[PDB]
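Protein chains in written order, with the deposited numbering: chain D, 7 to 312, 317 to 320; chain C, 7 to 312, 317 to 320; chain B, 7 to 312, 317 to 320; chain A, 7 to 316; chain E, 7 to 312, 317 to 320. Beta carbons: idealized from backbone N, C-alpha and C, even for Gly.
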Amino acid sequence: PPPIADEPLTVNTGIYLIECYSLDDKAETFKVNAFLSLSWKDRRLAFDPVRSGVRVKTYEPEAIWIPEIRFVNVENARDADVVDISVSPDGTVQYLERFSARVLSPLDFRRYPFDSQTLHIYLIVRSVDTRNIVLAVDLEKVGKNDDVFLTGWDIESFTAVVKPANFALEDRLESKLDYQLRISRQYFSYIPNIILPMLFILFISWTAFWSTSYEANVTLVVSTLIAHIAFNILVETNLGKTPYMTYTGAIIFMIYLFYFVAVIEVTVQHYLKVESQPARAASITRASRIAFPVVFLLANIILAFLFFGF
Amino acid sequence: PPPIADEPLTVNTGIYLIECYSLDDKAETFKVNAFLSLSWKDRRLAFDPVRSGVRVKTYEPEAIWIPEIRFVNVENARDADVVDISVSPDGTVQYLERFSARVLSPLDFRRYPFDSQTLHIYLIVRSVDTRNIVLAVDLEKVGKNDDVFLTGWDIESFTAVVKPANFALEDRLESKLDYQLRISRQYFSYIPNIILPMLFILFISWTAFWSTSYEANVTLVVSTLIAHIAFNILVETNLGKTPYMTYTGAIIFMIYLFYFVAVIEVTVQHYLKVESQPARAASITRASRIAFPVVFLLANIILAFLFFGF
Amino acid sequence: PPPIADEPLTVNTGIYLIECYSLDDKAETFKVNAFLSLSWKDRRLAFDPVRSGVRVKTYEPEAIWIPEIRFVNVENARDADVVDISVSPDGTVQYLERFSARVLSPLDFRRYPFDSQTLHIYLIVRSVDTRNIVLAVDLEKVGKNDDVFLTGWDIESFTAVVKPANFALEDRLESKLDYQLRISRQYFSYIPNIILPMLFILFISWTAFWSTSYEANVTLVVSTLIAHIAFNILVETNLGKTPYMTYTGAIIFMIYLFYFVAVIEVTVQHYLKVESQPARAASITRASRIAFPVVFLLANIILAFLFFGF
Amino acid sequence: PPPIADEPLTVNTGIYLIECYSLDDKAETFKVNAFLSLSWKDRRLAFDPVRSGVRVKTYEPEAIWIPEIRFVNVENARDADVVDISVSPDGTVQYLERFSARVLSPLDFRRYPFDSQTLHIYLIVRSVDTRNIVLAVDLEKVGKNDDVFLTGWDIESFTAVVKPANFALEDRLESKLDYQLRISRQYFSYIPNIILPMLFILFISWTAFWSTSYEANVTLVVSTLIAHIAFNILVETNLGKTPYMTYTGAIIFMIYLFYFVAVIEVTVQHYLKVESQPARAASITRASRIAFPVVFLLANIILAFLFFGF
Amino acid sequence: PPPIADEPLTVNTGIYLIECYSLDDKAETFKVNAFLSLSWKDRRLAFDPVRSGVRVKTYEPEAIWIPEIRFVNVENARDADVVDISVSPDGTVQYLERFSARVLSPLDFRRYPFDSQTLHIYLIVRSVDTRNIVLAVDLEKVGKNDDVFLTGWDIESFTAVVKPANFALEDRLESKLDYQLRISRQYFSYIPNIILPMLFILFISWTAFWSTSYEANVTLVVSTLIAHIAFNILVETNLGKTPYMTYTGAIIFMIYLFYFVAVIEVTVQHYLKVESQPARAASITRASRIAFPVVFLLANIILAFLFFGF
């Protein structure tokens, strides 16, 4: 029983985040526990304050017509508890629910350690007969409770795109809104826990540029190659595999390259030396002592600028 | 209270995908959040437009008789919220629900990295007394919302097989439909993340074809064999094990072969050399430098053509 | 309000498997989505065909008395949707629900790679006052939908034990039925993925029977021992650990024995050689070249016959 | 509407285990599917046998007052289906439900492989006005269905402590009962799968007491140290980590000790030999050949007696 | 129908923890099963003791107005069962439910092995018209059942902050309470299971300060580096990765430092020795024998004081 009106019915929305949590880097989802405030004029149940009742009259969701506000990018239904309903004498209804849902918003790990994400919460309403348009009341949208957090992240801003996107879906318009939670990853431990140890093992590997014994250098390079893979297993992360090409996966691919040419060099040095030609061997090794750290530094500056400064 | 008719009742179907997600390569399932549009003529509740009411009359699922549409290949029930019911003056009902279910469709990984899948959604309806036959309305079947995604995949087409499969199950005919979601894996990272590093370690392994020391070559081949397994553990995937013989599992089996015959070669070279016969040893090793990369390239071309070009 | 009869009430059962899935080798459970058809004579609601109504009359589960059919070996309750209820003029009721439950049936992995399982579905009914006995209608029991599958398995037969087991539980008899889903594992990949590579590494291990250097043989045997464990980690399976002694675990234990006696041999060969006695050393090594593959083949034939041929 | 009596109301209890499963060694929980039988005299609904009705009268839980029996150590609520209610002519009620719950009972792994556990199920009842005291009827408590199992365990006895513990909680007495499920771990595979292979690798480790090359012994002891950790990773168990000190963790700590002093010895032997003192070196090594197996056997007998024989 | 009063309505709260469990170090959540006692004066249903009824009158939550008490930091809703409602002759209501919820409270692992946590449970109540303020009754807050436990922890004190935080949220005040569960980790096994073996491998690593062979020292240091990583994988913990810098992660980073400079030393020792300069080589090695354990002990004392004694 919708409210008969003279023109499109505006339903004012608003989300107050109480809790944010369970940011799943794998499934690109996150869980939210928030408020949902809705308001619309339904003069059909406007009441007399002086004639009877009081300043404001409260109803049960059974009694009144409520706009069906579904979320778009939610896995299941939006687990909801109705907190309050308050009708104004002119017919202005004030709806407030406390919901919890896991939202499905895509994540872009192309800069994995130093990346920022913008989660989405989408609200729509299908139009039964009178056309329905959702808009946002800023005062009810101040969604961030101060003590709301994602442990690995910093929370920038929870805001909303005021302009709705009025679709046309199966011979009926729909009004879509766009709530946006802006986060940015906080990455202290990655320098001590991930990168620096992975560079320690790699340096150890090309300590064989000051050595001559093929046996020691293979027990050097190859044994450290196992340590690299073993350490990668130790620091295996939920998004270590990604369909697109990440940044962290480029330098991690380059690390796998610098073990190959390290094996290539000690093999070349060994062949040159064993083929009565040590002048060339101990010259390639001398060069490697500088060539490897520079080509590394270079290609990492090339790679850093490739993803970040571009 | 079914609709008494003169002949079989057609129920027009249609599914509008709102969300696709959680494609489980292990359990061969995937989650879907979509619309379900149904329409059928029930002149038993045809209404008078002019005499009373308006253009269209809305009912509650309790009031009217609704056709029971079950999904076949769904794990549990199909979590549904009824969005709208709209009866037409002639008695044409317009049903619309928004459901979410995890569907069970078999996946064929015989070409794992470069594979295409056709997910299925099966609709059936049992016949209470009047025979029931489902068919599809293309206009309500345009299932793909533009911003729907599976992160590892590209989405080709959401279509439906217009011809139903009319069964006979326990003295009652049933009508089954076939909705098809066609996907194809997107595999950028696999060359840098999986294949190339796994080929690097194998090349390192047969660097012992330019070496003579049995100690170094066993510390060579065998140490890299550990690196192969360790890297396979690092890049362990949900479907690495499969009951049938995959492609990726064939070349991965061949990799395990080329470590054996590499150990076979360095062992033969060592025996020939130690049995006062170095002419033959350093001749088999000379051959290995070419024999191994070619038989590999060949058998991989043989293997690629075996699965793909056939 | 149960049906007053003259003697025990028979309730005819039947299960039509629509889906089988999620065979959990660990928890010895599996998920099923099937039909459940029940029928009993309740002349208390026999109706007059000509005098009124039609051929068959439909009721709501509220209206009628329904026998409480519980499952025995189900984790929780049996998620049920009532599909149809159809009473016959003589009072014969036709109940049909579509349920989904995860069943708990023990699994016997004593032949793990090549094993067959018989899953159970147990139905019981307690007797309120009139004694209740369940039996099976074969026509409603044809449970296998043709396109039902467990990916790792072949599905032999879904049948039912016609004879019920009538218990006596807390001063009231109960009638138990036994539905049996017979499966047998399909094991293509195990030869290429599990057994053959695990035999490759073991062959590599005792290549030290054609070598003399203790350093190479320890970097041989011991380095390959790590590869065995690492590969076992790579191919770790849900049921690798079991309280009873499996088959695959016997040969996997034997593999661990042949590394010990391999270390024993190379240590003994080294001691004999270093104690100015090379005649005996290079004689024990000569023998090992034949003793190890034969005792293996033998003890594996002994092991195969022990589990399978007995 | 509680039953007015003359003195405290006794409620007779009883639990019939139908299924036991999902014994979670980590979370110290386990799942149970059982019967719950309750009986109490409520002469307020004693009925006339001859004047009307029959031998026994059945009610709906709505109609009658039922004692609220909660479980203490259950995670959530206790998923219940009401099977039967049977009132006796004198007013004796016979309640029977079939519940399923996961119970929370602490586990003591101080003897992990060879340990016995006593799981608990706690029943309490708060007193509304008349004081309530629960006790057990032995005939309805025979909880073990014969074919009930925990795969890794043997089930000794399901019994109950007849004496309740009558508390006083928030100005109201409560009556607590103690049901006890006694299990003892069945540990066949642990000798072949865990201990024996872990002892093999340790034996291999101190095969370096019959060797002189420091290179072979470091490629011996240290390479086997990796194998120990890798095998521990292969046989990683749910309760491998525990806050208290387990038995299995003591001998596993001692294994880590015997690798250190093995490295200690070969280093000392190498130093003594290289410091022109081979008489002392080859004398410490001679001693190690006996000292290590004896101190091991000893300290394990010391450790076995410390946990078990004490 | 709220209770009309003369001034703000006080609602007295109280939580009796029955069970604590599932402390999730990863998601910083924990599960609780407790009582919730509420009391407020609603003279609107004050009753006449002598005129009718008895001492206390029981209602159904339907009949009475109950304050909506929500939890703030809970994932979903708070699974609740109403145990008792008791109205006093003056109009004082006694509400009592038994709930179970998983709470979301941040955890600080900056002292991981030796850390104490203070979990929070937050109660609020929105004000319908009359202002609502919650406060705590100490007698009903005695939350700790004696036999309540977290296996890895000791439970210090369950108390509550008597002063509420009265907010102003969307043009309506709310009253927030703060319940505090104080725990402290109990860390016996960490010395035998985590630290001591990880120090054993590190000691083994720098046993190469009493050796001269570059081959043995690289098969020494590097082989133990794999063992360090492998052992870290064996002892992988839920919170091993954290966005902030933990204590345990600092000393674990230092361990990674002492493997690098250990390789640096043996490489420098080898270069000095091979560059006809053994006086300097065997002098740097002599110094390392003391410098490494002291700088370790030092930097660990510096590190311990840095986190704990500051």
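Residues sharing a beta bridge with residue i, DSSP
i: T98 (chain E); result: E:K47
i: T291 (chain B); result: For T291 (chain B), which the question treats as bridged, DSSP gives no partner whatsoever.
i: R104 (chain D); result: D:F41 and D:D87
i: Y22 (chain A); result: A:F41
i: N172 (chain C); result: C:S181
i: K63 (chain B); result: B:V93
Closest Cα partner of residue i within the set the options
i: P95 (chain C); options: C:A107, C:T165, C:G59 and C:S106; result: C:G59
i: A52 (chain A); options: A:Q100, A:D177 and A:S43; result: A:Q100
i: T252 (chain C); options: B:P198, B:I307 and B:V38; result: B:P198
i: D54 (chain B); options: B:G97, B:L312 and B:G158; result: B:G97
i: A33 (chain D); options: C:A33, C:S28, C:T35 and C:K37; result: C:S28
i: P119 (chain E); options: E:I257, E:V78 and E:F320; result: E:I257
i: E68 (chain C); options: C:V241, C:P7, C:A166 and C:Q275; result: C:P7
i: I139 (chain C); options: C:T19, C:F41, C:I200 and C:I296; result: C:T19
i: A166 (chain E); options: E:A11, E:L15, E:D12 and E:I21; result: E:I21
i: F41 (chain D); options: D:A107, D:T35 and D:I290; result: D:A107
i: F105 (chain B); options: C:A293, C:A305, C:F298 and C:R84; result: C:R84
i: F77 (chain E); options: D:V56, D:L113 and D:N39; result: D:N39
i: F215 (chain A); options: B:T225, B:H276, B:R188 and B:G319; result: B:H276
i: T157 (chain D); options: E:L175, E:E242 and E:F115; result: E:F115
Proximity below 8 Å, CB of residue i to CB of residue j
i: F173 (chain B); j: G149 (chain B); result: no
i: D48 (chain E); j: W71 (chain E); result: yes
i: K169 (chain C); j: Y128 (chain C); result: no
i: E103 (chain A); j: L110 (chain B); result: no
i: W46 (chain B); j: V17 (chain B); result: yes
i: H234 (chain C); j: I200 (chain C); result: no
i: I296 (chain B); j: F266 (chain C); result: no
i: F264 (chain C); j: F298 (chain C); result: yes
i: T225 (chain E); j: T225 (chain D); result: yes
i: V134 (chain A); j: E180 (chain A); result: no
i: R178 (chain E); j: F317 (chain E); result: no
Presumed contact (8 Å Cβ cut-off) between residue i and residue j, rounded CB distance
i: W212 (chain B); j: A268 (chain B); result: 5 Å
i: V93 (chain E); j: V62 (chain E); result: 7 Å
i: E221 (chain A); j: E221 (chain E); result: 6 Å
i: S195 (chain D); j: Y250 (chain E); result: 7 Å
i: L44 (chain A); j: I10 (chain A); result: Wrong, their Cβ atoms sit about 19 Å apart, outside the cutoff.
Quiz item: Between the segment 49-81 of chain B and chain A, which residues of the former have CB atoms less than 8 Å from a CB of the latter, in chain order?
Solution: Along the segment 49-81 of chain B, going in chain order, the ones with a CB nearer than 8 Å to a CB of chain A are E74, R76, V78, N79, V80 and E81.
Quiz item: Going along the chain, which residues of the segment 251-263 of chain B sit with their C-beta nearer than 7 Å to a C-beta in chain A?
Solution: Flagged, chain order: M251, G255, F259 and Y262.
Exercise. Output, in sequence order along the chain, the residues in the segment 28-49 of chain A whose CB is closer than 9 Å to any CB in chain B.
Key: For the segment 28-49 of chain A, which is checked against every Cβ of chain B, the residues closer than 9 Å are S28, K37, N39, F41 and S43.
Quiz prompt | Where the segment 86-114 of chain D meets chain E: residues whose CB sits under 8 Å from a CB there | solution = Against chain E - using a Cβ distance shorter than 8 Å - the residues of the segment 86-114 of chain D are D87, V89, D90, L102, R104 and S106.
Quiz prompt | Near-chain C residues of the segment 225-252 of chain D - C-beta to any C-beta below 9 Å | solution = Listed by position, the residues of the segment 225-252 of chain D near chain C (Cβ gap below 9 Å) are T225, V227, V228, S229, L231, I232, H234, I235, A236, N238, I239, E242, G246, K247, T248, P249, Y250, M251 and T252.
Quiz item: What are the residues of the segment 199-211 of chain E that lie near chain A, defined by any Cβ-Cβ distance shorter than 8 Å?
Solution: Listed by position along the chain: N199, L202, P203, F206, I207, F209 and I210.
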